[PDB]
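Results of the structural survey
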Amino acid sequence: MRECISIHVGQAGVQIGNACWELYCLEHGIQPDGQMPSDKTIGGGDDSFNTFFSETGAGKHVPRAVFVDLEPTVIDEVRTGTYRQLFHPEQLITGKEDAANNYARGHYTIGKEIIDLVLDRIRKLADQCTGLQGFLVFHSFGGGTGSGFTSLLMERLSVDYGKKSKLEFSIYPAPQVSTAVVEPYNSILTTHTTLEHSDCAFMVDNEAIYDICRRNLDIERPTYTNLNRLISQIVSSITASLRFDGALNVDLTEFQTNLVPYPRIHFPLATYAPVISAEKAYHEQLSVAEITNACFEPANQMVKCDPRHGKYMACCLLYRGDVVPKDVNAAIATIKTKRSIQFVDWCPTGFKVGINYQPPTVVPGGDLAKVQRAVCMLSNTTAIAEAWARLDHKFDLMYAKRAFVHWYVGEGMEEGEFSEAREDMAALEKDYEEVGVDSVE
Amino acid sequence: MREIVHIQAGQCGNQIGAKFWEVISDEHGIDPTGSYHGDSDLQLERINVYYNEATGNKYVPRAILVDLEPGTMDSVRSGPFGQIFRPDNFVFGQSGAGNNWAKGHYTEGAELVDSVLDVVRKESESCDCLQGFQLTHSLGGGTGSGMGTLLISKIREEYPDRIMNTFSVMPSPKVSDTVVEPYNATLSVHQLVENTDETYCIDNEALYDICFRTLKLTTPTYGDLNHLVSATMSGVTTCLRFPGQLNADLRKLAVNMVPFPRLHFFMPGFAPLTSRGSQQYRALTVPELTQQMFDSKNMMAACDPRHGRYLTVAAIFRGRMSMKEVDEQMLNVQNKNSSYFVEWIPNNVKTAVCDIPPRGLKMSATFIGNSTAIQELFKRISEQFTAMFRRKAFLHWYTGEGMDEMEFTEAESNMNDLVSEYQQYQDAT
Amino acid sequence: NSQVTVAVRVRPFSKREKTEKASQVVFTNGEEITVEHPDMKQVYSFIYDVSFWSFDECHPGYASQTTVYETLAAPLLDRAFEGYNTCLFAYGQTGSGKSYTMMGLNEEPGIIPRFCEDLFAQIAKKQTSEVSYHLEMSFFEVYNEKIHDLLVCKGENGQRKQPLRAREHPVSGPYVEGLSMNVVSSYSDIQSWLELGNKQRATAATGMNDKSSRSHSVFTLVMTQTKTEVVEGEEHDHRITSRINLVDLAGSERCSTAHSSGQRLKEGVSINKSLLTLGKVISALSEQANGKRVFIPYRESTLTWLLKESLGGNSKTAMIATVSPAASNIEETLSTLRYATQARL
Ligand SMILES: CC(=O)O[C@H]1C(=O)[C@@]2(C)[C@H]([C@H](OC(=O)c3ccccc3)[C@]3(O)C[C@H](OC(=O)[C@H](O)[C@@H](NC(=O)c4ccccc4)c4ccccc4)C(C)=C1C3(C)C)[C@]1(OC(C)=O)CO[C@@H]1C[C@@H]2O
Ligand SMILES: Nc1nc2c(ncn2[C@@H]2O[C@H](COP(=O)(O)OP(=O)(O)OP(=O)(O)O)[C@@H](O)[C@H]2O)c(=O)[nH]1
Ligand SMILES: Nc1nc2c(ncn2[C@@H]2O[C@H](COP(=O)(O)OP(=O)(O)O)[C@@H](O)[C@H]2O)c(=O)[nH]1
Ligand SMILES: [Mg+2]
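Residues numbered from 1 in each chain as written, not as in the entry; some residues may be left out. Chains lettered and ligands numbered in written order. Heavy atoms only, no water.

1. Brief notes about the overall build of chain A
Inclusion rule: Per the convention used, a helix needs a DSSP run of H or I reaching at least four residues, while a strand needs a run of E reaching at least two, with both numbered from the N terminus. When accessible area is computed with a 1.4 Å probe and restricted to protein chains, residues below 20% of their type maximum are described as buried, those above 50% as exposed, and intermediate ones as partly exposed. When checking whether two residues touch, look at their non-hydrogen atoms; a contact exists if any pair is within 4.5 Å. Computed by Shrake-Rupley with a 1.4 Å probe, the accessible areas treat only the displayed protein chains as cover when residues are assessed. Positive charges are assigned to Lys and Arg, negative charges to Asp and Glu, while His and the chain termini are left out of the count. Where a charge lies is defined by one atom per residue type: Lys uses NZ, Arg uses CZ, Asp uses CG and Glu uses CD.
Per the secondary structure count, chain A includes 16 helices and 11 strands. In terms of principal-axis extent, the alpha carbons of chain A reach across some 65 × 60 × 45 Å. Counting every position in chain A, which comprises 441 residues, the buried fraction comes to 63%. Of the contacts made within chain A by residues no fewer than 6 positions apart, 83% connect residues no fewer than 24 positions apart. Accessible surface, chain A: about 16700 Å² in total, of which carbon and sulfur atoms supply 51%. Between the centroid of the 40 positive side chains of chain A and the centroid of its 58 negative side chains there is a distance of 3 Å.

What follows is the structure, given as structure tokens:
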């Protein structure tokens, strides 16, 4: 068999997981009570695919996931909402008090004596899985739970299980927009610990999706329940080869092998095909060439970094729906012919290809439209150094006066732990500046 | 779940907390008996944040009313929401302070702090987890300043990990409802700066000018100002009681709105504030609320923000909204008005959005700000003080109760250093 | 103000550290003090105003105890002789060489005893019958921003250590209410007092080692000068006071490798906060010397508050760090050197 545990951490991850499972249940045929009348009407098939859903003898389907926030105001919606009867009642809140946007309480003061429950449920949900494996952590750089608890959980799972494919679909801080005056510290503090243990972390930024959603979907007044659905579509395009049958499959370790040349440069970007609204679904072809040419378009990128100031170390293209390989190959050749998409000379191959047949679903009451084909890009480029050069500057302004630091030392943390965590990120930036240079023989 | 213990020191504390419980009950659906008479199932899910349960489905608030000289206590019992409070929690002694900080910190405060702290322990140890505390007092006067500061010191000695969030009415520029205001304010600031995490400097002249200009009221009594202050009080601790998209709390606001610990004096504000006729001639949206918020005529501090730079500000929203519009507007405010913002903080704003608005509105916002204009709330106090202390004007009443001049010079020295730490960031760097 | 003088010192390998044959991570090139990891990756450089090398008795510039006194502590007596105050702060973790540096061994004296003996020498040399000299000693500690006295002999009961409090005199400045002060004429007296003080200091048996320190100790001398003989009535008019403050701090002890919980964690927070504010103060004063406009946060802690008339003004200040050259202690060495650099800039 094959399996993938999904862990959600914080209020970013929960609100994302809700959307992801709203999509998964509708893709497979499960309704919120766990049952599946689709099987009872059809009478066969593994459509209740066992990568994400464990199955009891009573016909129920309970999903392989945990989600934690250290404050019950969020998850208690799940213990009251539509998906009450689906998820296991072990949704490990221990939220007597929140992490207050500091890594200091998420890593030690309100972290210790609670993570043991998480690791216990992970042991209980791994021994039920005799198959391919790999974990998906959904968190946000910038919170006290998305930073410290994540850095605490990964440094333990890298002992307990070890040689497994761990992944992180993490929210990223926007340059201008930000809903906190402390994310510059939490970001780099989390990157220090989650740069050795993790294997490939995909990053997404709220500002990019906001700027997309009005340009294409014609929404001038968007919310968090209309970006979290696109995020779920990305996760589904990443996790579909495990579930559905296809012409050319790509599994969890393959993303880790293609897109991570060195151990430390495992932080790529993501895209989809959202030039697709309900009215603009007509008036348009939605071929393979047109959709794949939305890859290199910065207006459709989901992280704020113009790739034209950098080069592509690697790229991966996962296609859903009715797609034929020669269309993908013509797309790749038309891309390589151009000169705006620079490629590192140590990667003439560049691309992966992955094809599956089941098209994406339409989460009803939603913005996206029914399609016959969908595409996802995962791109490791040297441009994102700029997207860090801002953060490491912000640090260097507010760490000059030692500002917002007594709240962190007050919850057990060193004042020399930020100087030691900011001397590693500059080395990473220097690494990106090193690999991007072409060799002179 | 997270919980608060309110204390009510001074007439003002007790004249405001009544109106605050009148607003909490209105939101949570409780009558004077304590009985639930609401409509939705989302008022009782987190009722523990302020109230405790009882036997016959009744709910009793966690109030501790300490006031020397029982005159202002009697008024509550003969009021609308007086018979919901616990009689065991009304703690008062006779012979009131007399607008003396000595007779509310040293003598009678020392008599009546044990009986107060006993009920504090009684209410706190009966909480699952505790976040912090809450106190409403008026500086300048007697009881509310001295006894409040004494309680704060004792409590932060007992429970230092938890928040102590004072909502303090401060002296005014021109009005003087009390003549010994600067001395008591100086001593109270000397006691609050070291022993507080976030306090809010309300001022009465700003509330009058809000009541006259915006609301276009003609006979504004005290209950209307208390109405504005309760409004803010309720909005601060919303994301503990109700859910939303980006939940905040007291400790997130504390970690964010306080770059250094001594600069924990903020300017508040409330927003939708309109007249009875001018509500048909606008449109409630995020930009109108933000414009009403960053205006100098909806802040309660009696300090024009345009005389100093904002170190940090916070906006707690309530209602169905769009985070895109929120962040776009809070970014436009930074990019247009950068001269009023600090440069060593790249983003000076945070946000917080609940999903359940007040009983009869679709949107609501509260605003908080750590600024540098607050100088002119304390510099004046350091000028009134030294004009009086240089001649020993109102002094013998205070030396007569076991005190010295050294304490007064110290307090002056601490307020001036606060003003210096503020002035350090009022010129561009 | 005047230039805060930071200094380092690299102790040699210990006996066990040479028996077990631990490696070497810290190197020096004159002024530069670099740190090369054994096999991982990039080297971090560090530059300071003064550097002391005590690894082996061959190198040019082997800074023994006498050189450490005569380059850092000696001129501070001079300013302590001309009526201006002075402070010397020590910083370092346990196993880094503070007690060997400040106090020392009975055959290898530290900095404190040489300070006191050279003091008494210059006193008795100039001790005419027209210019006298008085000395006054005191010794206290900060524990969770509570000032405790150490000369006070305690009784065998529960909580007996009474916490004294600070007060601001409008003329002299900050001071302590009830801190005993004793006269001194022979360094034997100072030794018999300092041993008694250190035997009472807060020192918990941490899981790493039994002998540590969880409180910041201050050792204050007051040097009073009666240079006054008016030529009209032969009567003392004026009198100079100067303050000398030798301070022994505690370590960072980040609560991460040392899972601490309870009273051993609150001590941590207090120590870290005091170190976070003292470094802030010294940086702000270094900027103040450079003709800029800065505010010195003196009231955010106790030591920064009580030592306020000694740091600023026409004073002169000094700092000594102590770092181990082994490979097991690279994180602590880095945490000390970075702190010292922040004090410098
Ligand atoms: C539909 C409509 O627009 O009627 C409004 C109204 O016309 C106005 C004048 C209301 C009215 O507010 C005032 O009259 C007022 C007078 C002096 C000082 C302060 C307020 C209103 O009374 C107030 C009342 O709002 C509330 O009731 C809130 O729940 C309020 N709580 C209480 O008023 C309350 C109820 C019982 C006991 C104590 C207080 C509240 C405010 C903040 C936070 C939580 C709750 C409402 C809908 C209105 C009237 C009735 C006219 C406004 O009320 C507020 C501050 O929300 C003022 O701005 C709003 C909107 C309007 O301008
Ligand atoms: N895309 C997206 N981002 C979110 C969502 N919810 C929160 N965020 C982002 O995540 C950050 C919020 O910090 P959180 O990580 O939620 O903090 P937390 O994880 O709840 O833990 P605390 O910090 O203790 O509250 C903000 O910067 C938001 O932009 C969401 O539903 N979607
Ligand atoms: N907002 C408001 N302020 C009040 C009220 N009553 C008194 N005050 C303020 O309280 C101050 C006087 O202090 P006071 O509370 O009477 O002293 P105390 O009796 O010793 O607590 C004055 O500056 C008033 O503005 C009230 O009902 N509402
Ligand atoms: Mg949260």
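That shown, we press on.
2. Remarks on the nonpolar core
We apply this condition: In these notes, a set of buried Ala, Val, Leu, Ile, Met, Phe, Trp, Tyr and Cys residues joined through side-chain atoms within 4.5 Å is what counts as a nonpolar core.
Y185(A), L378(A), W388(A), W344(B) and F378(B) are the most contacted members of the largest nonpolar core, which totals 197 residues. Ignoring sequence-local partners within four residues, the contact set of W388(A) consists of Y172(A), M203(A), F267(A), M425(A), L428(A) and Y432(A). The next biggest cluster of nonpolar side chains, apart from the first, holds 46 residues, and it includes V8(C), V25(C), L285(C) and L307(C).

3. Some thoughts on the sheet that holds strand β6 (residues 132-138) of chain B
All names here are of chain B. Rules: Two strands are counted as paired when DSSP detects at least two bridges linking them.
Ordered in space as β5-β4-β1-β6-β7-β8-β10-β13-β11-β12-β9, the 11 strands form an open sheet in which the pairing is mixed. The sheet is open, and its two edges are formed by β5 (90-91) and β9 (244-246), each paired on a single side. Direction of pairing for strand β8 (residues 199-203) relative to strand β10 (residues 265-271): parallel, over a ladder of two bridges. Within β10, the residue paired with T199 across the bridge is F265.

4. Observations concerning the site of ligand 2
We count it as follows: We call a residue near a molecule or strand as soon as one heavy atom of that residue lies within 4 Å of the molecule or strand. Polar contact is the term for a pair of N or O atoms within 3.5 Å; when the atoms are in protein, one must be able to donate a hydrogen and the other to accept it, and sequence-neighboring residues count only if both atoms are side-chain atoms. Any residue outside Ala, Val, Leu, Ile, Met, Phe, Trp, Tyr, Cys, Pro, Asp, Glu, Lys and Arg is labelled polar, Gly included; the first ten of those are nonpolar and the last four are charged.
Within the structure, ligand 2 sits among 21 residues, and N101(A), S140(A), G144(A), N228(A) and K252(B) are positioned closest to it. Mapping the residues adjacent to ligand 2 onto the chains of the assembly identifies chains A and B. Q11(A) is positioned such that a nitrogen or oxygen atom in its backbone is 3.3 Å from an oxygen atom of ligand 2. Here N228(A) contributes a side-chain N or O atom positioned 2.8 Å from an oxygen atom of ligand 2. Expressed as a share of its isolated accessible area of 630 Å², the protein-covered part of ligand 2 is 95%. Of all elements in the fold, only α1 (10-28) and α6 (145-160) of chain A reach the threshold of two or more residues within the shell around ligand 2. Residue composition of the shell around ligand 2, grouped by class: six nonpolar, 12 polar and three charged.

5. Examining the packing of helix α3 (residues 112-126) of chain C against helix α4 (residues 187-200) of chain C
Residues and elements named next belong to chain C. Applied cut-off: All axes here are fitted lines through C-alpha atoms, helices being fitted over the stretch that makes contact, and every angle between N-to-C directions spans 0 to 180 degrees. Working definition: roughly parallel below 35 degrees, roughly antiparallel above 145 degrees, roughly perpendicular at 65 to 115 degrees, and oblique for all remaining angles. The hand of a helix crossing depends on one turn: near helix anticlockwise from the far one by less than a right angle means left-handed, and clockwise means right-handed.
In the contact formed by α3 and α4, the axes pass within 10 Å of each other and the chain directions differ by 150°. Considering their axes alone, α3 and α4 lie roughly antiparallel with respect to each other. The hand of the α3/α4 crossing is right-handed. Contacts from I112, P113, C116, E117 and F120 in α3 reach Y187, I190 and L194 in α4. In terms of residue class, the contact of α3 with α4 is made up of seven nonpolar, no polar and one charged.

6. Quick look at the sheet that holds strand β10 (residues 354-355) of chain A
All names here are of chain A. Sheet architecture is open: four strands sit in the order β8-β11-β9-β10, paired in mixed fashion. Strands with a single pairing partner mark the edges of an open sheet, and in this sheet they are β8 (269-271) and β10. Both β8 and strand β11 (residues 373-381) contribute to a ladder of three bridges, which runs antiparallel. Residue pairing in the sheet places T271 in a bridge with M377 of β11.

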